[PDB]
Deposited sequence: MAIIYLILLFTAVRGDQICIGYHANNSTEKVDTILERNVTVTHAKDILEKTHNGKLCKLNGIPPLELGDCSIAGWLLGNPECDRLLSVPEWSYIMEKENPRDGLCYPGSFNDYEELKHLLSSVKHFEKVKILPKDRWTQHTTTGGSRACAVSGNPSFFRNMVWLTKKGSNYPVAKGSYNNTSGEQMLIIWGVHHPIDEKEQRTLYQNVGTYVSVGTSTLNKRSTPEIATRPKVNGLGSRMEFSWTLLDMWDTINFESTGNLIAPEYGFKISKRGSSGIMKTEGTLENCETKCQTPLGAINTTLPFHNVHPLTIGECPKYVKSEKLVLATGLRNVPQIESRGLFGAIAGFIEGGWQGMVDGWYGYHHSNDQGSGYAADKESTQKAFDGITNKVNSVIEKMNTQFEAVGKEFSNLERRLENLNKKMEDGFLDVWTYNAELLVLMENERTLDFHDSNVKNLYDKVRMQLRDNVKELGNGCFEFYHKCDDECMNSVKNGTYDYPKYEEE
C-alpha cells in the first residue's frame, strides 16, 4: 500500500483555487512581532532628546541642560510635540533640513568659537523671563544676546576661521522687536542689519518690527538661521543691531544620514538592525506588518495579517488525483516522513516511509521557502520624513509613494503566497502519484491493483520481498496463480 502523511495540525492555508485548507506543515513569512523596546541601531545608540526639540537642544534652551548628548548616534528620538523648543518665541529657517542633517552623525562635538568675554563694547547679559533658570531671567546657553553698552551700540564684529578639522554647524539669530522703542532700548540705532559671510554663504537680515500677539509673554521674536562652515573657512559676523550671536559651533562628521523617530519610550540597551516605534525587529522574513515608520534595514511593510506558506501536504486524517484522491486519506501512523508504504504481511504489518523521496521533497520545499525569503533585497531607509506648513504637497508626494509601494508589496506578496501554495500541494500530489507509479511498474502482473493505492500480492511476499519493493529491486520469479 502506498500513502502519505497526516497529523494533529489544524493550520489552514489558502491557495488560488481553495481556501481554508488544512495542511500538515506551514511557515508564516510575515514578521509580526516587535520587542516593545527602542534599541541601538547596528551598534550605535540613538540620540535621546527626551522632550526637547532639536532647536532647543542646539540653541541650548536652559530646559535642555541635562540631556544624554553622545558623540555619535544613528537616529534621533523626539517626542511628538517636544514642548521645549524656542523658549523665546520665534522661528528657525530651513529647520526640517537641519533635522535631516543631524539625524545621523559619526562625530558631533560642541566647541566655543566666539567667546562671550570678547564682546567688549556691547552688553552680553541680555536675558528674558521666558527662558527662566530657577525663577531667574536667562537665555539660550549657546547664544549671546548682544545689546547696547551705556547708550551706545558700536558696529558688532566677530569672525571664526574653522580650524577644528571637521565641518562645523554654526547657528545665529536676528531679533525682531515690536516697537521702535524696544528697538532703541536694546540697540539705540534704528536702521540696523545683521550680515553673515563665508566662502559660500552671504546673508543680510534686516530686523522686522511689527505688532504681534504675545507668545510666552513676548511679542518680539528671534529668527534663527544656520550654515555649515567648511574646513579652513571663515564665518564673518557684522551687525549694527539685533544680532543674536553664536558662542559655540558644532563639529559635525557624517556619515550616511538617517531620520528621526517619534516616540515616548527610552533606549533600553539592546541591539537591532531594524527599529520601529513599537519596538525592534530581529527577523529574517521578507515582510513584516509591525508598523510603517521604521528606521534601519527592514522587511517590506505589508497590509497583511498572515502570509502562511504551505510547506507540508494537505492534511487528511489535488492536481495529480492522488492525495485526497484515489488514495482517499492520509496516515497518522506513518511519522518518519511525508510519503511511504504499508504492505500486508503475514509476518505482521506497519509503517515505513520512502526516505529517498521525502528527502527530495524536503530539499525542494526548503528551497522554495528560501527562494521567497532570500531574493528580497533590503536597504537602509528612514521612512519618516519631516515637512513644514508650506510643504503639504511634498509631504503628500512622499505619502502617495509609500502608499504606492504598500499596495505593490501587499498584492504581490498575497498573491505570491497563494500561487506558491497551490504549487506546493500539487508538488506533494505529484510526488505521491510518482511513488505509486514507480512501485506499480515493478509489480504489474504479480499484484491485483486495488485502486485505493494498495497492491494485493498474487504471490507470497515476506519481509525480504517487501524490502525488494522499497529497494527498487523487485525481481521477479512468480508464479501464481
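- Gaps in the model relative to the deposited sequence occur at 1-18, 336-340, 505, listed in sequence order.
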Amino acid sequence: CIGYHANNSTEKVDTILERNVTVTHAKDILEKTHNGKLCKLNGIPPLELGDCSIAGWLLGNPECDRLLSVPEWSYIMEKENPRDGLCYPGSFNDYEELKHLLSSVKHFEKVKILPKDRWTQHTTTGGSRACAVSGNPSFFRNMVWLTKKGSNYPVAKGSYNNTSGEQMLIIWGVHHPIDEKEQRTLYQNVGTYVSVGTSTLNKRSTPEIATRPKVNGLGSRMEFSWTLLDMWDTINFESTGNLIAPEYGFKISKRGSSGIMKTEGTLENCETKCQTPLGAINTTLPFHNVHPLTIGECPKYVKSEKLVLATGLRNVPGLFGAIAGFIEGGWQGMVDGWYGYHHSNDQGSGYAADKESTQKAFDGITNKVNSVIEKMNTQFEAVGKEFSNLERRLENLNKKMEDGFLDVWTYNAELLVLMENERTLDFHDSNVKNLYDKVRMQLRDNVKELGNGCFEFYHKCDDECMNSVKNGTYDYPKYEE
From here on, numbers count along this sequence of modelled residues.
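- Looking at mean Cα B-factors across 337-345 and 69-77, the upper value is held by 337-345.
- Judged by mean Cα B factor in the deposited record, 122-130 ranks above the other of 122-130 and 242-250.
- Among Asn434, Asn61, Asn412, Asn421, the highest C-alpha B-factor in the deposited entry belongs to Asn61.
- In this structure the maximum Cα B-factor among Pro299, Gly256, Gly318, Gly279 is found at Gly256.
- Compared with the other modelled residues of the chain, the Cα B-factor recorded for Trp57 ranks in the highest third.
- Among the modelled residues of its chain, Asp179 has a C-alpha B-factor that falls in the highest third, as given in the PDB entry.
- In the deposited entry, the Cα temperature factor of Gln379 sits in the middle third of values across the chain's modelled residues.
- In the deposited entry, the Cα temperature factor of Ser468 sits in the top third of values across the chain's modelled residues.
- Among all modelled residues in its chain, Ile29 ranks in the lowest third by Cα B-factor.
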